[PDB]
Structures are given as C-alpha cells and as structure tokens.
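Okay, so here's the structure we're looking at.
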Amino acid sequence: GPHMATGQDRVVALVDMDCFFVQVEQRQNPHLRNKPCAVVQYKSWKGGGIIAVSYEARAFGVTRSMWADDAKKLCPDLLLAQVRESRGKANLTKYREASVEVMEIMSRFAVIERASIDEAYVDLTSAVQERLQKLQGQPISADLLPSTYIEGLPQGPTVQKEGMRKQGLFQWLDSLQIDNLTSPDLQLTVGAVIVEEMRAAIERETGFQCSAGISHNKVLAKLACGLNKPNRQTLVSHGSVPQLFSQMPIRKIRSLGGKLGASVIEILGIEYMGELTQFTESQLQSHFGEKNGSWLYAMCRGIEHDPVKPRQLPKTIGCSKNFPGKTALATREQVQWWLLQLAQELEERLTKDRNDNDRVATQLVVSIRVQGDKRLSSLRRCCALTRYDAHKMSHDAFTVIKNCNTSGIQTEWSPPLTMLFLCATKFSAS
DNA sequence: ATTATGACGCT
DNA sequence: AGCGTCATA
Ligand SMILES: [Ca+2]
Ligand SMILES: [Mn+2]
Ligand SMILES: [Mn+2]
C-alpha cells in the first residue's frame, strides 16, 4: 500500500511532428498544402518509394512503403514531392535541417532527448513545479488546454468530435485537486498546459504542426501521442492505464513491436498489455530475461523509469545506399566510385557538424551487404577516422572490405554488393 | 526492389 | 568489437 511505488514522480512529454517530411515539403511549396500528397524517394522503380503521407492521402489508403505507382491507383490525384538526390543518392539534408529548427525551439522549454528525426522527449517535472508556484493555487481553465484530450474521458452518466473532447476535458478539470502541489494528476495537467505552449511555439516559428503525449514516463507519453493525431495532444494519467491497457495489443508498446512482443504473446498465451499483470516478476524474468521481465512487470502497471536523456544531437553520422537487384556492384571501379560518393556526403556532413557542434568523430564504421543474404547487414568493420577527407575515408573503407571479394579476378567483385554504408562514430569535444 | 537512417542490447 | 533488434521519415 503506502510503499508501493506508483511511477508518478515525473512529468514526461513526447512531441512528434505530423506527417513530417510532407509538412517540410508543403511549407516550401504552398501548392501542396491541404492536399493528398506524399514524399517519395527515387522514381524509376514503380514511381518511387513513399516515405511520408499527408492525412488527406491516408484517407484514400495511401501508406508508407507503398510504391508511388500503386498509391496513384488508390488516389489518382495524389501529389508527390521527391527527396533530393546528390552524388547519385537520396540526400536527407532538408529534413535534418528542419528537424534542428524544431529541436531548438523545444530546447527553450526543457532538456530534450532527440528520439528520431521528428520527435523528442521532454522531462517537464521541474518546469511544472515552477509553473505551479507561479499559479498560486488557482484552477486551470479549459482555455489553457485548447487541443488536449484526456484519455478515458468522458465517461459515465453530443455527437461531434470536438464536443467529446471538451466534455472529457471538463470532467477532468472538474475533478482536479488544484490545492495539492504534489498531486500527480495536477502535475500532468500543468505539464499539458506547457506542452500546448511548446506546440504553439513550434507552429508559430516553423509552420509545422505536431502532436504530443503527456504522461509519467516515456513509453506512456509515446503511446499517448499517437492516440489523437494529427495536431492534438493527449494526457494519459496513471489512473487511465488499467482501462487503456485492457484492450491494448502488446505490439503497440514501444520495444514490443518485434520478436520480443511476439514471444510474449505466444509464450504467455495473451493478447493485451493488461493481461501481463497476472504474472509474477519472477515469472516474466524467467521467460524474457532479468531486464525485460522487470521492465514488463512495471510497464503493464503503467510504470517505467527510463530517463529522458540530455541529448539533442545524433550520436552518429552515417551514409547508406542499397543497390537492389540488377544494380548490385560487380566491379572494383563501381565499388570504389560509390564509396567515394558516400564518403563525400559524409565529409560534407561531418565538416558542418564540427563547425556547428564543436566535436570530432574518431571512428569510421564500414558495412556492406552481399547478394543472397537475408540480413540487412552482411559485414561490419571499423577503422580509425583521423581526418575529414572523403578520399582518405573511401580508400580506408575499401581497404577494410576488399578481402570480402571472393572473386579470383580483382577487377570483378563477387558476390556483388547490394549495400554500402559509411558511419562516423565515437565523437570527442573539439 | 521500400530505402535511409539511428539508438541500444548481447556476448 | 561485430552482430542483432527495434525504431522512425
Ligand atoms: Ca511523426
Ligand atoms: Mn516520429
Ligand atoms: Mn510514422
């Protein structure tokens, strides 16, 4: 009872941009705004591969991973924007730079953890405490939460969407104890007020809309964020977790979308996150290991302790290209040319990074895939990265992989290469 | 013939 | 270190 940790010590948010690469292209080209549209890379093979889709286009059934030619079958008026191509490959610089815009705004409010190109976690615990003492114990108006959903509400004893949102919010605010500076529900609510402000700032200063989740930890904040996309934010309280989890497929929780999650389902014979509560911590540890078992035992009760890491910049800078089917590299001159292409983009990004961020990478990782291998990567070798020079890096990369050539002829490369990857790692302050 | 990334876990 | 898992546009 009195000693049962409830994992309600923190306020954590996850902010995720809506249809992010699409919004980047729509800002640039006003003709794409408020239209079914998607972002595509390459074009020759089946119209190119879709990597982002506007909500108008999702209404037609267009999804990520779809070939654009196939997407056009569902949505003949689908508009497309192409990823830039430089040095023979897709170049994602525009989206990386747009990401920096958003991350710098978020950093004004709190320490952030960059979790992807389009999302970051925020630990708002301290900011909430500050805002609470500022408020001087006066109630929180619904007007301060104009885009917030309270998950699980309304409930108990209007047929429009916005009507339902306000009803739930009213019920929530009506129940709040604003006299208690330590009530977790109140702390989450103030957290949500700050996130409204953060999200307003992002939209004002970039033109980009986003969604957000506010809860007591990262996993719940991430889950919350997706519940009412686009352009809305969702508060998932500790108390909302039993009902929420009672019909929540296990694969929906971050880190359980793959083999581990499938094993939880198969081994335990369950489907929903809430069903995990019936197992002892030792039982879960027996099946899924010490770390996973403890994590599952607490997570199915809404509790997780993974900190928001103070890290706004990516830890690695990498350049990758596939060479599918018949385009696989079968000559040494081919392999060397593409290593140079990759190394030149890497040099460009590394030099910008050194100037912007006062650091230098010290290790070069080289990875390849060979025709036939189901694995995404076939071989990964590291060497020293001592100078930001594309010609040196590409020569070094070749040196570390050249023994993979099974061909007796050194001019030929066998078996052909279907992927090259160069990654700079192990940064030090400079 | 989704592709281009990027973090973190295991041994 | 090299490999695997899981994740996101
Ligand atoms: Ca997003
Ligand atoms: Mn995202
Ligand atoms: Mn997505």
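Chain letters run A, B, ... following the sequence lines, proteins first, then strands; residues in each count from 1.
Remark: P of C/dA9 and CD of A/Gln209 are 16 Å apart, rounded to the nearest angstrom. Between A/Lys222 atom NZ and C/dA7 atom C1' the separation is 9 Å, expressed in whole Å. In this entry the distance linking CH2 of A/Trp338 with P of B/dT3 reads 14 Å, nearest Å. Atom pair A/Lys252:NZ and C/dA7:P shows a separation of 11 Å (rounding to whole Å applied). In this entry the distance linking CG of A/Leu422 with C1' of B/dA4 reads 13 Å, nearest Å.
The shortest distance between the side-chain N/O atoms of A/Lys321 and the OP1/OP2 oxygens of B/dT3 is not below 4.0 Å. OP1 or OP2 of B/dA4 sits under 4.0 Å from a side-chain N or O of A/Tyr42. Between A/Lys259 and C/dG4 there is no side-chain N or O to OP1 or OP2 distance below 4.0 Å. Within the structure, a side-chain polar atom (N or O) of A/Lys89 is placed less than 4.0 Å from OP1 or OP2 of B/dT5.
Scanning residues 353-380 of chain A for heavy-atom distances under 4.0 Å to DNA chain B yields an empty list. Of the residues in residues 51-76 of chain A, those placing a heavy atom less than 4.0 Å from an atom of DNA chain B are A/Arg64, A/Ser65, A/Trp67, in numerical order.
Salt bridge A/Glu162/A/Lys166: present, at least one basic N to carboxylate O contact under 4.0 Å.
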Quiz prompt | Base-contact (B) and sugar-phosphate-only (S) positions in nucleotides 6-11 of chain B, heavy-atom cut-off under 4.0 Å, - elsewhere | solution = SSSS--

